[PDB]
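Chain lettering (A, B, C, D, E and F) follows the sequence in which the chains are written, and residue indices restart at 1 in each chain.
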Amino acid sequence: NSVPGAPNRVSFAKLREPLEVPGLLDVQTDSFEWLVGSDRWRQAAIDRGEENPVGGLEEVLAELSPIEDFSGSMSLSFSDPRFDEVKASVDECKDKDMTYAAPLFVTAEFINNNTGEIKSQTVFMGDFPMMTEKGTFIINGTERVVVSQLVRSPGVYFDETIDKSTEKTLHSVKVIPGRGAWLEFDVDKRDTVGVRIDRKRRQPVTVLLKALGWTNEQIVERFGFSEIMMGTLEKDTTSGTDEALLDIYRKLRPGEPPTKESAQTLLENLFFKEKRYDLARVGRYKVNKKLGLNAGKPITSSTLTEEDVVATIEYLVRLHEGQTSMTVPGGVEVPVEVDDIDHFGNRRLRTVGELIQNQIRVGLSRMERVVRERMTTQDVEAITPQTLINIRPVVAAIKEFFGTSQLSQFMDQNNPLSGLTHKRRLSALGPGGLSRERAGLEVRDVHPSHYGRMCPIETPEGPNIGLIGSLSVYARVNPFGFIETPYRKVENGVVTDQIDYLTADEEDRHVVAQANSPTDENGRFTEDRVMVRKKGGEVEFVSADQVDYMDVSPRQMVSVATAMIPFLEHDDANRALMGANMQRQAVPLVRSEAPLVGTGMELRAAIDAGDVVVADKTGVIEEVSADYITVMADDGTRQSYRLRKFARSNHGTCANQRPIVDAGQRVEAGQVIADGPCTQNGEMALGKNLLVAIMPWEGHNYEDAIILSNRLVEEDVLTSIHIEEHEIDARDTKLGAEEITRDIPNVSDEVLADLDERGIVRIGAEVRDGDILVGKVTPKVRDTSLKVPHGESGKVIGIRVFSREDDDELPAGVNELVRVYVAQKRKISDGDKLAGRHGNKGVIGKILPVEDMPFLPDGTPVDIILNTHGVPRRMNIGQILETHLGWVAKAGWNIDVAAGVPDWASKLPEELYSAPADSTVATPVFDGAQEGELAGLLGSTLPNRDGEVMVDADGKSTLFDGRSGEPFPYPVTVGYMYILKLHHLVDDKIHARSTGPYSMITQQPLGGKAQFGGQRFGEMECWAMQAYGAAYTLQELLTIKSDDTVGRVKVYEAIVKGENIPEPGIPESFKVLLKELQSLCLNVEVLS
Amino acid sequence: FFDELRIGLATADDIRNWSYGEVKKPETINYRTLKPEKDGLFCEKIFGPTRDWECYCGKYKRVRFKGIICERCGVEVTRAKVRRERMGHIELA
Amino acid sequence: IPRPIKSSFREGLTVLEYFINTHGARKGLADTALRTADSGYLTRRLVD
Amino acid sequence: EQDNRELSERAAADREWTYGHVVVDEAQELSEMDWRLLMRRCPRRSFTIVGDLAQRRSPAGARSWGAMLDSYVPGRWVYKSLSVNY
Amino acid sequence: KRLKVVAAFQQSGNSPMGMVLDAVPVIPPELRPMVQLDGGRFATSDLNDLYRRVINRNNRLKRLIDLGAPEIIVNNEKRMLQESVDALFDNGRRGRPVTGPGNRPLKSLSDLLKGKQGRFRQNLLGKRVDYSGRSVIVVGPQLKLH
Amino acid sequence: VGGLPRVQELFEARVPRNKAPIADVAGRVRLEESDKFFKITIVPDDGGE
């Protein structure tokens, strides 16, 4: 529960969750808080961890301050960023086509080191796009989401690659910071260590060591445990530091003459100067954890030093020699071990905060340059900072990331869950990531480091398989960027209540148990062969005092769409994947109904997403309408929530909200006051419970197709509302100025019926393809009016009109803008797509009258007929169990415990022993309804209105044919299943063409649903056609239909007139090609 | 009809033969009055007319009489579709 | 993986069983375009 | 291309080969240049030199071990003996 | 390698006298179209420019050869003619291209039928066939195989 | 694994990885073998080389 208004949804769960699911989109808000030093985050840090909580803007401004010149006569620093209130609200922004931002301020101090005079001056840095309570941004009116990027952490990454020529092992290392040059060491087949700097030609690493001021005695002291190193020493043609510095400068700066100082400062300002090279703080952490350096000590600020460049080599050698430990002189012991690249200890997560940080850094670098360049050529004793400063670059970076980035994405507003999974999404593609070339098949794999951190199921099906992912429910994000998942702590064989969040590397040095493991009254254990996961993704039986940790729940690895699937452990990963990605494409219906059989996960998803309305403060419902709700609280203040009605999403859906409370009601805080598009009393209702028969009908449910009643159309059960936007601009032109009006050159006089005095269509008017919405003109004059595209139709909802004069806002070259919003109620027709939560979709073949459907011995017709042939070869039987339990619920139950709880209700609570009808229940994914419980509850199954049980203790009901009237000879599995209507409709996927718009750059149809283009005739179709021997049709397609121009004309004419089709002349792709070879003076001749 | 396709080297007689004139001016159109220039490029006398069935002289424009060469402009009056199926040459110095 | 899956989809796979069965599944959903591409390459040749 | 010849043959066909160990019997019959070659073959310096200087028939010889080895393995080579005859 | 180019002309009804040019052809305008734009601007290809360059050089050379001028300027303008015509045919092959407005190499004639924007590769791909449609398929078992 | 790789290896006339030698002549065989190696000698039936 833990929610005030909690529609009672009984649960078959047999465990207790010692850890409430956290906020589900905190991964966004926490990161954006770390970026603006909000006080919540500051204390959240102080409350555990470090003492000075440094933010994300503070950090860039420090790593930038102070802006000095070559001499140093002056300096210019920035500090103390501030955020003053936002201008407008979220609604005002989404309406006025405006961004949701806050003025940013930062104090800028200037000094004059000659004098030493301070000229402090507060500065205005710009309007900073802020972030809504839902985890989003609002850019130019549209709602967007900054997805999180998966990358590889900076650090030192070893390897080992069996050689090809010689079949020899050979190791390598690689030091990869956020900024700088790549320094690589290797051990080759000749058994001679080597090095490469800036990926240049290879060198003996001894060169580097000496370049660092090392004398062969120092080396022989440090190394010497390895003869390959002594050999690399001897076999070296450069003794003495300066000679080696010159060697490096030569193989690294060719043509420019070696100078002692130049080489010294090169090796300095290549790695050790924190301007051209920085292991970001995470880099330093990774490089100290490995190599056992800087133990128990800050990581405040640093870059590459010498101890690390040296312990890298010692590690490489000690690894080649096959050892398992290294204890540096001063550092600590460490295991020698190759590094896995896709492991999450090494992979990390750039959240919206870090991305924005980086782009701000870029803008600030541009600003720094521009400052210098106006910092030499001004009069000192007069310059304040607001003179040296040009903020423009900064804003552009911002405005160039919230647009023109593959990580700031239009929000997936098809349903709450789509957005909620858009915000918890992890991408391994984008600026700084990878592409479909490097993207092979080991980054697209599941790794034993995802358990509790990444979902092994949720991901697209096509070219983005495995790259994109979704974050688990119990997982959060280190400040460094590494994902943590919680584990219960275990001491002396018994489990405590202390929750310890672990990132992978920590998880790997422990023995982690399983939630479903038994206990008794203490958390103690009752078995002894406990099942555990070990380091190398391995699993095994182990002892009792030998477990170092424990999982909290069974659903620690699953995600938020994969946990809304009942009976998952009875499906297969492909079909569960498909079910997940189906729920995420599911339109909102005119009336929502929650799953009669679900999981304890729809309420919380609906809350956390944000398409519902929750009581800010406890209180009493003062007033209630459909556009306003008014709560007079217990403290005296009156809050007033507003509701979005028929609000177009980014995908044509409706976001209508509707209240579920009545006046005088007393609501707690955290209580749902209104429902969303796909909620019912605050829990996801993406679909409908329908009466289903598992049987083959008369060939109309063949190969995954399905059959429907007509009650789902009569009673508009699966009906949806779809809104669409049509914009026309009125701009200026040389020939004249576009003026939106009513009057127009010679057209009908009725077409202006639905047009108001302004030329814009009138609300409440129904429209039709080709009909007019708004009237625009370009002079000549012309008829440049907006008309509905083919297919789409409906009723005019809204008109949003912006004018230069009114001064709201507009782009350049434009003067006026009209958006029209027209809606379409769409009942479920044939061709539409449906599905369930188990990977079971299919188009609708036949929508049958109610009188020909297989009806029951109650008179009750079924609503959907599903075939038997697609279930057992796909392993999606979870829908069968779903169906059975749906029956068990729509028709309640009462176990007869007169003599005592039977041998199959042992594990049951004392709350499932009975239930009335329409009794929603919950079968959590891995702690849910077993099979004995369900077979038993299929017998209880309270009788009907007339004392008869229409369904046996096996799920099967004798049926009757609505065509013959005769009963089917065999009982049929019947029940209630929760299905979903998908965005893959008919009208938005149908197309046809005879002759229309052509390209005028290629002489072909303008291929496209929007340009009304025909279909393509590729190479394989030509192959097939040639293999038929068909040769006049192929020529008909390649000449008369696509490229030829006189041919198209003459054929259209010949057909509209009734004269036989003209015959080919001579190919026109030849009558001109000739005239290109006759130009190169080639005497191409055609002969018999 | 087609049975084979021969390709070979052209002589100067082949190019003198493919042609319907000999262009001599470095003039393509008149940027002001937007018309091809004479004995240059886009000419109408050796490549054919632009508007259908009208000479560059614009006088003997009617189609009722075909197979004549307007002496003034020299533009044999016929379909403009030849401006694709017509070539000329340049007897380089 | 010498640890088998001694449970059916009727009984119900445990959490780990359901985890180590995602590997091959995703391998399939990945490979099933490279397979098509190889077949198409051979066919393109044979046709040329 | 793919000939995966056995180790002996892939090796003997290459002087740019680094072995992992080297046995040398009657090793007094070798010369400074011979050991230079061998120590260019094994950089791991994992030899198992056998011999007896007083069984030498060669005017390049050893006359002592440190002569040829200290130039490649100074202070880092062990000398064991086998005193009994059976 | 050298016997091939000779055994060719051994039987080839034509001799190698075509490698050397004394006349040069022009394409039909509709391959070098020059059209104004919807608003007052122009849009052209770069073959008219190459032909114009050639013809300029050629007429000036004609003159220099009528003016009894020294052999050197005639020789120079003849080199220039060779360069210009070689460019027209395949500009960018030999030496440096002839750049246009935008420092772009002018599209020569080889550049008219070589690439996938070339008169040969075309007709070997999808053509957006009119008189066509697409939709979603359902099953009809009340139907016959035809 | 002789699937599509083998088909590509045949239609392209490529020398196989596990190539096997065939008999240039008829006749009988004298088979010798030493450490990690076979040597076959085909004594023909005509009486030649």
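To be clear about the criterion, contacts are C-beta pairs under 8 Å (C-beta built on N, C-alpha and C of every residue); 3 or more make two chains touch, one makes a residue touch a chain.
Chain identities (UniProt): A = DNA-directed RNA polymerase subunit beta.
For the interfaces A-E and A-D, the C-beta contact count is higher for A-E. Chain A has the C-alpha centroid lying closest to the overall centroid of all protein C-alpha atoms shown. Annotation: 63 Å between the Cα-based centres of chain A and chain B. Here the CA centre of chain A is 24 Å from the CA centre of chain C.
Chain B and chain D have Cα centroids separated by 90 Å. Between the CA-based centres of chain B and chain E the separation comes to 19 Å, rounded to the whole angstrom. Residue numbers of chain F whose C-beta contacts span two or more other chains: none are found. Residue positions of chain A touching 2 or more other chains, listed in rising order: 1072, 1075, 1077-1079, 1081, 1083.
For chain B in complex with chain E, the residues that touch the partner chain are 8-12, 15-16, 18-19, 23-29, 34, 40-42, 47, 83-93. Across the complex, chain D meets chain A through its residues 4, 10, 16, 18, 43-45. Against chain D, in their complex, chain A makes its touches with residues 166-167, 189-192, 227-228, 231.
Within the complex formed with chain A, the residues of chain B that make contact are 1-11, 14-15, 18, 84-85, 87.
Every residue of chain F that touches chain C in the complex is listed here, in rising order: 4, 7-8, 11.
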